[PDB]
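Peer 1: My questions will all concern the structure given below.
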Number of protein chains: 2
Amino acid sequence: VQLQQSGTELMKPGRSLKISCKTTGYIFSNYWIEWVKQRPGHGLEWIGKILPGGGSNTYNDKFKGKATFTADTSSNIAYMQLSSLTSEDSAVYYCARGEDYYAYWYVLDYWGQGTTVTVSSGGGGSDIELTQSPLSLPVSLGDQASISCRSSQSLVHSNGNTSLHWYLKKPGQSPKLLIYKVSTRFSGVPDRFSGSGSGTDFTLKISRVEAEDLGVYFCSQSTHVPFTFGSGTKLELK
Amino acid sequence: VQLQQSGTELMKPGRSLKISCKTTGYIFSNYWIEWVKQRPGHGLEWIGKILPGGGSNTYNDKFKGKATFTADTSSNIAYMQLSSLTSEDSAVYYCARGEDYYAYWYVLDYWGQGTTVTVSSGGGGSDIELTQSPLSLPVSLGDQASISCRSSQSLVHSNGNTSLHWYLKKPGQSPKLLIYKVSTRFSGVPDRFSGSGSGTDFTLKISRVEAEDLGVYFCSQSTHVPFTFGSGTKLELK
């Protein structure tokens, strides 16, 4: 058995494509053809499966809405369609002969050579990375707490402002701005919130920690495009 | 200023959905409306932004193909449309009033309350977790190495088989099946590859490691649906 797959496809975000998988050497509708995804720096994922002719399809939940399988039992070519492509769909997809109709033998033994799909979203080209520390800040109500945010590049704009801001995200509530453009404190914020910094180094300081201050904090930047957030810092109680 | 969004949405995978953002209190066209995703257990992400009137646009590369922006210069409502939904779309989305037309102010200050989008991808029970051990395995060609794979549930099917297989993944090559249903060597794999296990504990042994064996090793199951893969173990030379 041989499984032939289409060549690589450089796609446009939002496009959709149908990769084929031409099987030979065996009776095509006696076995399911299964598809596996492989993202760079990631493992191997199982998308789902199609039983040619036999009308039977099964999808990995995670790929439902994204993967749609069909099969031409005349040419013995199986196809998987990827709709509304985004950069995360950039991967190497494979078809493998897998389970067999009656359901005893189920191993993905024969593999296609794989199809490299690259979505041209410009995959996060030169995004500014904001490095927060600690990622966890356990404290005791009353303590002072500082959170650091380091950026890959200077957040100093030509125009003179430094667009680094800080948010407090509490579950069930939208991000609550606190300090914008480094130290300028947003309106309605208690004065226990301070912020200062320069270039790449910025700091958030809460003079005395209160119950209501507990949650995750994110620093942000609007100097370069795109606008990026930091990973977060869960200020928690000890 | 008030930014008010549409209510919680329970969607089918594949569904498409547009959520609105009714702004008030300010001149709708002086500021850009910017979008933010907040996925459960994840930090905050920036989807992009729209400038009402000209409809000028800016997407985070990652969201191109998923997010589509529009703006009603007459009703003063901003809209966001998410194409062919998959469960990674299950998150809370927010519209924030951000940058001004003149571009000297860029701060996400006023936030709509968030729209919770829940993509109904179902749930085929607790997917079988296959914990491999170790994750990295440095050796000397000639040494013997054994890799372990532990499943969350007994991989013993009622038909009596045990659907545990081991693959070898080498860059630029599809997975090379080595051992199936726990212990049978695949035609062609050299006999320095052996496999055994029972219930939830399984091991792959390579009596004498050759260069050609160096790569990443995945175990996988076909007993429980969905077929899962283990996270991998990198056999690397010392």
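Residue numbers start at 1 in each chain; chains themselves are named A, B, ... in the order of the structure tokens; ligands are numbered from 1 in the order shown.
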First superpose chain B onto chain A using a least-squares fit over all Cα atoms taken in order; then report the RMSD in Å.
Peer 2: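 Per the least-squares fit, the RMSD is 0.8 Å.
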Peer 1: Do you know which residues are at most 7 Å from residue B:144 counting only C-alpha atoms, after dropping those on the same chain fewer than 6 positions away, and could you put them as a PDB file with N, CA, C and O atoms, in the first residue's frame?
Peer 2:
```pdb
ATOM      1  N   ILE B 206      15.174  -0.722  23.049  1.00  0.00           N
ATOM      2  CA  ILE B 206      16.068  -0.765  21.906  1.00  0.00           C
ATOM      3  C   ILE B 206      17.377  -1.307  22.560  1.00  0.00           C
ATOM      4  O   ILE B 206      18.059  -0.643  23.366  1.00  0.00           O
ATOM      5  N   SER B 207      17.644  -2.563  22.235  1.00  0.00           N
ATOM      6  CA  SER B 207      18.751  -3.305  22.754  1.00  0.00           C
ATOM      7  C   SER B 207      20.087  -2.653  22.537  1.00  0.00           C
ATOM      8  O   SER B 207      20.940  -2.658  23.461  1.00  0.00           O
ATOM      9  N   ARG B 208      20.271  -2.153  21.310  1.00  0.00           N
ATOM     10  CA  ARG B 208      21.520  -1.505  20.860  1.00  0.00           C
ATOM     11  C   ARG B 208      21.221  -0.349  19.898  1.00  0.00           C
ATOM     12  O   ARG B 208      20.992  -0.584  18.723  1.00  0.00           O
ATOM     13  N   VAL B 209      21.225   0.886  20.406  1.00  0.00           N
ATOM     14  CA  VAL B 209      20.933   2.117  19.638  1.00  0.00           C
ATOM     15  C   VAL B 209      21.867   2.457  18.477  1.00  0.00           C
ATOM     16  O   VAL B 209      23.081   2.587  18.650  1.00  0.00           O
TER      17      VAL B 209
END
```
Peer 1: Looking only at strand (DSSP E) from DSSP on the backbone, list the matching residues of stretch 175-214 of chain A as a PyMOL selection string.
Peer 2: chain A and resi 176-180+184-185+193-198+201-206
Peer 1: May I have the residues from that selection written out with N, CA and C atoms, as a PDB file, in the first residue's frame?
Peer 2:
```pdb
ATOM      1  N   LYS A 176      -9.491  46.025  33.890  1.00  0.00           N
ATOM      2  CA  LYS A 176      -9.581  47.307  34.613  1.00  0.00           C
ATOM      3  C   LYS A 176      -8.265  48.001  34.501  1.00  0.00           C
ATOM      4  N   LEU A 177      -8.151  49.034  33.662  1.00  0.00           N
ATOM      5  CA  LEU A 177      -6.904  49.820  33.513  1.00  0.00           C
ATOM      6  C   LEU A 177      -6.491  50.453  34.847  1.00  0.00           C
ATOM      7  N   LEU A 178      -5.181  50.601  35.070  1.00  0.00           N
ATOM      8  CA  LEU A 178      -4.731  51.206  36.338  1.00  0.00           C
ATOM      9  C   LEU A 178      -3.761  52.328  36.114  1.00  0.00           C
ATOM     10  N   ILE A 179      -2.698  52.044  35.380  1.00  0.00           N
ATOM     11  CA  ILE A 179      -1.683  53.032  35.131  1.00  0.00           C
ATOM     12  C   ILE A 179      -1.504  52.942  33.644  1.00  0.00           C
ATOM     13  N   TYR A 180      -1.438  54.091  32.968  1.00  0.00           N
ATOM     14  CA  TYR A 180      -1.267  54.138  31.516  1.00  0.00           C
ATOM     15  C   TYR A 180      -0.061  55.009  31.277  1.00  0.00           C
ATOM     16  N   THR A 184       1.196  57.461  34.781  1.00  0.00           N
ATOM     17  CA  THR A 184      -0.062  58.128  34.819  1.00  0.00           C
ATOM     18  C   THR A 184      -1.120  57.114  35.258  1.00  0.00           C
ATOM     19  N   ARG A 185      -1.727  57.392  36.397  1.00  0.00           N
ATOM     20  CA  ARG A 185      -2.758  56.570  36.985  1.00  0.00           C
ATOM     21  C   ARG A 185      -4.160  56.859  36.436  1.00  0.00           C
ATOM     22  N   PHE A 193      -1.823  52.218  43.893  1.00  0.00           N
ATOM     23  CA  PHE A 193      -1.224  51.734  42.636  1.00  0.00           C
ATOM     24  C   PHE A 193      -0.251  52.776  42.034  1.00  0.00           C
ATOM     25  N   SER A 194       1.008  52.391  41.866  1.00  0.00           N
ATOM     26  CA  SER A 194       2.027  53.293  41.329  1.00  0.00           C
ATOM     27  C   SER A 194       2.655  52.513  40.189  1.00  0.00           C
ATOM     28  N   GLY A 195       3.331  53.180  39.257  1.00  0.00           N
ATOM     29  CA  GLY A 195       3.969  52.537  38.137  1.00  0.00           C
ATOM     30  C   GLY A 195       5.082  53.491  37.696  1.00  0.00           C
ATOM     31  N   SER A 196       6.207  52.984  37.198  1.00  0.00           N
ATOM     32  CA  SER A 196       7.328  53.813  36.757  1.00  0.00           C
ATOM     33  C   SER A 196       8.193  52.964  35.870  1.00  0.00           C
ATOM     34  N   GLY A 197       9.036  53.562  35.053  1.00  0.00           N
ATOM     35  CA  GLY A 197       9.877  52.738  34.217  1.00  0.00           C
ATOM     36  C   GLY A 197      10.486  53.514  33.094  1.00  0.00           C
ATOM     37  N   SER A 198      11.307  52.861  32.287  1.00  0.00           N
ATOM     38  CA  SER A 198      11.863  53.558  31.193  1.00  0.00           C
ATOM     39  C   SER A 198      12.496  52.581  30.249  1.00  0.00           C
ATOM     40  N   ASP A 201      12.459  48.678  30.831  1.00  0.00           N
ATOM     41  CA  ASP A 201      12.151  48.352  32.195  1.00  0.00           C
ATOM     42  C   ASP A 201      11.023  49.203  32.724  1.00  0.00           C
ATOM     43  N   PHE A 202      10.005  48.569  33.257  1.00  0.00           N
ATOM     44  CA  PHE A 202       8.828  49.222  33.810  1.00  0.00           C
ATOM     45  C   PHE A 202       8.456  48.423  35.083  1.00  0.00           C
ATOM     46  N   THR A 203       7.875  49.076  36.095  1.00  0.00           N
ATOM     47  CA  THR A 203       7.454  48.423  37.337  1.00  0.00           C
ATOM     48  C   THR A 203       6.114  48.936  37.807  1.00  0.00           C
ATOM     49  N   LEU A 204       5.325  48.036  38.373  1.00  0.00           N
ATOM     50  CA  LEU A 204       4.007  48.332  38.940  1.00  0.00           C
ATOM     51  C   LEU A 204       4.182  48.093  40.466  1.00  0.00           C
ATOM     52  N   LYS A 205       3.638  48.969  41.278  1.00  0.00           N
ATOM     53  CA  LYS A 205       3.822  48.855  42.684  1.00  0.00           C
ATOM     54  C   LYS A 205       2.521  49.147  43.352  1.00  0.00           C
ATOM     55  N   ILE A 206       2.166  48.305  44.316  1.00  0.00           N
ATOM     56  CA  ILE A 206       0.926  48.460  45.079  1.00  0.00           C
ATOM     57  C   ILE A 206       1.487  48.584  46.495  1.00  0.00           C
TER      58      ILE A 206
END
```
Peer 1: Write down as a ChimeraX atom specification the residues belonging to stretch 8-170 of chain B that are assigned helix (DSSP H, G or I) by DSSP computed on the backbone.
Peer 2: /B:61-63,87-89
Peer 1: Could you write out the selected residues, including C-alpha atoms, as a PDB file, in the first residue's frame?
Peer 2:
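again.pdb, written as the output of this step:
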```pdb
ATOM      1  CA  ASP B  61      -1.325  37.957  12.405  1.00  0.00           C
ATOM      2  CA  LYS B  62      -2.606  35.089  14.540  1.00  0.00           C
ATOM      3  CA  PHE B  63      -6.197  36.306  14.018  1.00  0.00           C
ATOM      4  CA  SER B  87     -13.389  25.170  20.455  1.00  0.00           C
ATOM      5  CA  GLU B  88     -10.172  27.297  20.634  1.00  0.00           C
ATOM      6  CA  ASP B  89     -12.597  30.087  19.875  1.00  0.00           C
TER       7      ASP B  89
END
```
Peer 1: For residue A:234, list every protein, DNA or RNA residue within 7 Å, evaluated using only C-alpha atoms, and leave out those in the same chain fewer than 3 positions away; present the list as a PyMOL selection string.
Peer 2: chain A and resi 135-137+215-217
Peer 1: Please produce an output containing N, CA and C atoms for each residue in the selection, written as a PDB file, in the first residue's frame.
Peer 2:
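Output below, filename out.pdb:
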```pdb
ATOM      1  N   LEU A 135       5.782  35.631  37.985  1.00  0.00           N
ATOM      2  CA  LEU A 135       4.632  35.168  37.271  1.00  0.00           C
ATOM      3  C   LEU A 135       3.656  34.832  38.381  1.00  0.00           C
ATOM      4  N   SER A 136       4.179  34.704  39.585  1.00  0.00           N
ATOM      5  CA  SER A 136       3.336  34.440  40.730  1.00  0.00           C
ATOM      6  C   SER A 136       3.873  35.264  41.885  1.00  0.00           C
ATOM      7  N   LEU A 137       2.982  35.985  42.543  1.00  0.00           N
ATOM      8  CA  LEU A 137       3.399  36.821  43.648  1.00  0.00           C
ATOM      9  C   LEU A 137       2.529  36.542  44.838  1.00  0.00           C
ATOM     10  N   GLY A 215      -5.691  39.255  41.839  1.00  0.00           N
ATOM     11  CA  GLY A 215      -6.061  38.700  40.558  1.00  0.00           C
ATOM     12  C   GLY A 215      -4.860  38.564  39.670  1.00  0.00           C
ATOM     13  N   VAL A 216      -5.004  38.713  38.362  1.00  0.00           N
ATOM     14  CA  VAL A 216      -3.848  38.644  37.481  1.00  0.00           C
ATOM     15  C   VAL A 216      -3.655  40.064  36.886  1.00  0.00           C
ATOM     16  N   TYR A 217      -2.384  40.448  36.714  1.00  0.00           N
ATOM     17  CA  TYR A 217      -1.973  41.716  36.216  1.00  0.00           C
ATOM     18  C   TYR A 217      -1.222  41.506  34.932  1.00  0.00           C
TER      19      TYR A 217
END
```
Peer 1: One number please: atom CA of residue B:11 to atom CA of residue B:224, in Å, one decimal.
Peer 2: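 Calculated distance between atom CA of residue B:11 and atom CA of residue B:224 is 26.7 Å.
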Peer 1: Quick one: distance from atom CA of residue A:2 to atom CA of residue A:40 in Å, one decimal?
Peer 2: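 So the two atoms, atom CA of residue A:2 and atom CA of residue A:40, lie 25.2 Å apart.
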Peer 1: Might you pull out every residue within 7 Å of stretch 119-124 of chain A, with only C-alpha atoms counted and same-chain residues fewer than 2 positions away left off, and present them as a compact mmCIF listing (two decimals) with C-alpha atoms, in the first residue's frame?
Peer 2:
```txt
# COMPACT_ATOMS: atom_id res chain seq x y z
CA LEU A 10 1.27 28.54 0.78
CA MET A 11 -2.18 29.83 1.66
CA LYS A 12 -3.81 33.16 2.48
CA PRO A 13 -5.36 33.55 5.89
CA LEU A 85 -7.06 29.14 7.63
CA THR A 86 -5.18 30.89 10.41
CA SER A 87 -1.45 30.71 11.25
CA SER A 90 0.35 25.89 9.55
CA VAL A 117 0.54 23.82 4.74
CA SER A 126 8.71 40.89 15.13
CA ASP A 127 6.03 41.28 17.82
CA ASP B 61 -1.33 37.96 12.40
CA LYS B 62 -2.61 35.09 14.54
CA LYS B 64 -6.18 37.01 10.34
```
Peer 1: Between A:50, A:1, A:155, A:67, which is the closest to chain B once you count only C-alpha atoms?
Peer 2: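 Between A:50, A:1, A:155, A:67, the residue approaching chain B most closely is A:67.
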Peer 1: Considering only C-alpha atoms, return as a list in words whatever protein or nucleic-acid residues lie within 7 Å of stretch 51-55 of chain A, sequence-local ones (same chain, fewer than 6 positions apart) excluded.
Peer 2: residues 28, 29, 31, 32, 33, 71 and 73 of chain A
Peer 1: Would you mind listing, for every residue of chain B within 8 Å of chain A, the two atoms forming the shortest contact and the distance between them in Å to one decimal, using only C-alpha atoms, sorted by chain and ascending residue number, as JSON lines?
Peer 2:
```
{"residue": "B:12", "atom": "CA", "partner": "A:65", "partner_atom": "CA", "distance": 7.9}
{"residue": "B:13", "atom": "CA", "partner": "A:65", "partner_atom": "CA", "distance": 4.2}
{"residue": "B:14", "atom": "CA", "partner": "A:65", "partner_atom": "CA", "distance": 4.0}
{"residue": "B:15", "atom": "CA", "partner": "A:65", "partner_atom": "CA", "distance": 7.6}
{"residue": "B:43", "atom": "CA", "partner": "A:231", "partner_atom": "CA", "distance": 5.7}
{"residue": "B:44", "atom": "CA", "partner": "A:229", "partner_atom": "CA", "distance": 6.5}
{"residue": "B:45", "atom": "CA", "partner": "A:229", "partner_atom": "CA", "distance": 6.6}
{"residue": "B:46", "atom": "CA", "partner": "A:228", "partner_atom": "CA", "distance": 6.6}
{"residue": "B:48", "atom": "CA", "partner": "A:226", "partner_atom": "CA", "distance": 7.9}
{"residue": "B:59", "atom": "CA", "partner": "A:226", "partner_atom": "CA", "distance": 7.9}
{"residue": "B:60", "atom": "CA", "partner": "A:226", "partner_atom": "CA", "distance": 6.2}
{"residue": "B:61", "atom": "CA", "partner": "A:121", "partner_atom": "CA", "distance": 4.9}
{"residue": "B:62", "atom": "CA", "partner": "A:87", "partner_atom": "CA", "distance": 5.6}
{"residue": "B:63", "atom": "CA", "partner": "A:86", "partner_atom": "CA", "distance": 6.6}
{"residue": "B:64", "atom": "CA", "partner": "A:13", "partner_atom": "CA", "distance": 5.7}
{"residue": "B:65", "atom": "CA", "partner": "A:14", "partner_atom": "CA", "distance": 3.7}
{"residue": "B:66", "atom": "CA", "partner": "A:86", "partner_atom": "CA", "distance": 6.6}
{"residue": "B:83", "atom": "CA", "partner": "A:84", "partner_atom": "CA", "distance": 6.5}
{"residue": "B:84", "atom": "CA", "partner": "A:65", "partner_atom": "CA", "distance": 5.6}
{"residue": "B:85", "atom": "CA", "partner": "A:65", "partner_atom": "CA", "distance": 5.3}
{"residue": "B:86", "atom": "CA", "partner": "A:65", "partner_atom": "CA", "distance": 4.8}
{"residue": "B:87", "atom": "CA", "partner": "A:62", "partner_atom": "CA", "distance": 6.1}
{"residue": "B:88", "atom": "CA", "partner": "A:62", "partner_atom": "CA", "distance": 7.5}
{"residue": "B:94", "atom": "CA", "partner": "A:174", "partner_atom": "CA", "distance": 7.6}
{"residue": "B:104", "atom": "CA", "partner": "A:159", "partner_atom": "CA", "distance": 7.4}
{"residue": "B:106", "atom": "CA", "partner": "A:222", "partner_atom": "CA", "distance": 6.1}
{"residue": "B:107", "atom": "CA", "partner": "A:180", "partner_atom": "CA", "distance": 6.9}
{"residue": "B:108", "atom": "CA", "partner": "A:177", "partner_atom": "CA", "distance": 7.6}
{"residue": "B:109", "atom": "CA", "partner": "A:177", "partner_atom": "CA", "distance": 6.2}
{"residue": "B:111", "atom": "CA", "partner": "A:174", "partner_atom": "CA", "distance": 6.7}
{"residue": "B:112", "atom": "CA", "partner": "A:174", "partner_atom": "CA", "distance": 7.4}
{"residue": "B:113", "atom": "CA", "partner": "A:174", "partner_atom": "CA", "distance": 5.8}
{"residue": "B:114", "atom": "CA", "partner": "A:174", "partner_atom": "CA", "distance": 6.5}
{"residue": "B:121", "atom": "CA", "partner": "A:61", "partner_atom": "CA", "distance": 5.4}
{"residue": "B:122", "atom": "CA", "partner": "A:61", "partner_atom": "CA", "distance": 6.8}
{"residue": "B:123", "atom": "CA", "partner": "A:61", "partner_atom": "CA", "distance": 6.9}
{"residue": "B:124", "atom": "CA", "partner": "A:61", "partner_atom": "CA", "distance": 7.8}
{"residue": "B:159", "atom": "CA", "partner": "A:104", "partner_atom": "CA", "distance": 7.4}
{"residue": "B:163", "atom": "CA", "partner": "A:106", "partner_atom": "CA", "distance": 7.5}
{"residue": "B:165", "atom": "CA", "partner": "A:107", "partner_atom": "CA", "distance": 7.4}
{"residue": "B:173", "atom": "CA", "partner": "A:113", "partner_atom": "CA", "distance": 6.9}
{"residue": "B:174", "atom": "CA", "partner": "A:113", "partner_atom": "CA", "distance": 6.0}
{"residue": "B:175", "atom": "CA", "partner": "A:111", "partner_atom": "CA", "distance": 7.5}
{"residue": "B:177", "atom": "CA", "partner": "A:109", "partner_atom": "CA", "distance": 6.0}
{"residue": "B:180", "atom": "CA", "partner": "A:107", "partner_atom": "CA", "distance": 7.0}
{"residue": "B:181", "atom": "CA", "partner": "A:107", "partner_atom": "CA", "distance": 7.9}
{"residue": "B:222", "atom": "CA", "partner": "A:106", "partner_atom": "CA", "distance": 6.2}
{"residue": "B:226", "atom": "CA", "partner": "A:60", "partner_atom": "CA", "distance": 6.2}
{"residue": "B:227", "atom": "CA", "partner": "A:46", "partner_atom": "CA", "distance": 6.6}
{"residue": "B:228", "atom": "CA", "partner": "A:46", "partner_atom": "CA", "distance": 6.6}
{"residue": "B:229", "atom": "CA", "partner": "A:44", "partner_atom": "CA", "distance": 6.5}
{"residue": "B:230", "atom": "CA", "partner": "A:43", "partner_atom": "CA", "distance": 8.0}
{"residue": "B:231", "atom": "CA", "partner": "A:43", "partner_atom": "CA", "distance": 6.0}
{"residue": "B:232", "atom": "CA", "partner": "A:43", "partner_atom": "CA", "distance": 6.8}
```
Peer 1: Using only C-alpha atoms, which of the listed residues (A:9, A:212, A:100, A:129) sits closest to residue A:153?
Peer 2: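 When distances to residue A:153 are compared using only C-alpha atoms, the smallest one comes from A:129.
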Peer 1: How many Å lie between atom CA of residue A:219 and atom CA of residue A:139, rounded to one decimal?
Peer 2: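 Computing the Euclidean distance for atom CA of residue A:219 and atom CA of residue A:139 yields 19.5 Å.
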